[PDB]
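Next come the chains, spelled out residue by residue.
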Amino acid sequence: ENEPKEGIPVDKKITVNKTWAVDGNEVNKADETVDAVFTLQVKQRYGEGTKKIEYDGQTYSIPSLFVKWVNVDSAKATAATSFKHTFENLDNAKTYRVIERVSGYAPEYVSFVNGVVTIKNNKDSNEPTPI
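Conventions adopted
- Residues numbered from 1 in each chain as written, not as in the entry; some residues may be left out.
- Heavy atoms only, no water.
- Residues with missing side-chain atoms left out of burial classes, pairs and counts.
- Helix = DSSP H or I, 4+ residues; strand = E, 2+ residues; numbered from the N terminus.
- Buried < 20%, exposed > 50% of the residue type's maximum accessible area, 1.4 Å probe, protein only.
- Contact = heavy atoms within 4.5 Å.
- Pairing = 2+ DSSP bridges.
- Salt bridge = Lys/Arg side-chain N within 4 Å of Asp/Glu carboxyl O.

Looking at the entry header, you'll see X-ray crystallography listed as the method and 2.63 Å as the resolution.

In the nomenclature of the PDB entry, the protein chain corresponds to PI-2a backbone protein from the organism Streptococcus agalactiae. As recorded in the PDB, this entry has the title "Domain 3 of Group B Streptococcus pilus protein as scaffold for the display of foreign epitopes".

Okay, structure coming up:
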């Protein structure tokens, strides 16, 4: 259910290390299609700009460093089996994140350490109501 994580490349590379699951059950089904797309994003400094805002009768205009997330590259998953995708030619100095979009599942952004983004795709169960 998690919040995307950030971290830095190791040796110009960041591997997404992907598993799948239902009810926290290791799943691995090469014939089960998925449409998970992964977008790699870097935190990109654009430099010195300003924020302007009317306050108390007059425009206030404050210098601010602008830092955005911008799309670096992407990977498209194919079936519901455990895989790694290694993004390459990155900058060890910069800070990145991977955001996954997938129908059917809940990315659990588990950890991001030592070059590796670990992501467990938790399947969508219906909520069981008592009788």
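Having put the structure on the table, let's press on.
Caption draft 1: Representation of the side chain of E100. In this fold, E100 is placed in strand β9 (residues 96–101). With relative accessibility at 4%, the residue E100 sits in the buried group. Each residue touching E100, except ones within four places of it in the same chain, is listed here: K18, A36, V37, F38, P107, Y109, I119 and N121.

Caption draft 2: Looking closely at the sheet that holds strand β6 (residues 58–76). Here four strands make up an open sheet; going across it, the order is β1-β9-β5-β6 and the pairing antiparallel. In the strand order of this sheet, the two ends are held by β1 (6–7) and β6, each with one partner. Bridge analysis of β1 against β9 gives two bridges, and the strand direction is antiparallel. By the bridge assignment, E6 is partnered in β9 with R97.

Caption draft 3: Main features of the pattern of salt bridges. Inspection of the entire model under this criterion finds three salt bridges. Residues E6 and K43 are paired through a salt bridge, measuring 3.6 Å at the closest nitrogen-oxygen approach. One end of the pair, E6, is in strand β1; the other, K43, is in strand β5 (residues 37–55), with 37 residues separating them in the sequence. For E6, a relative accessible area of 39% translates into the label partly exposed. For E32, the salt bridge goes to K29, with nearest N and O atoms at 2.7 Å. Overall, the relative accessible area of 18% leaves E32 in the buried class. The class for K29 is partly exposed, based on a relative accessible area of 40%.

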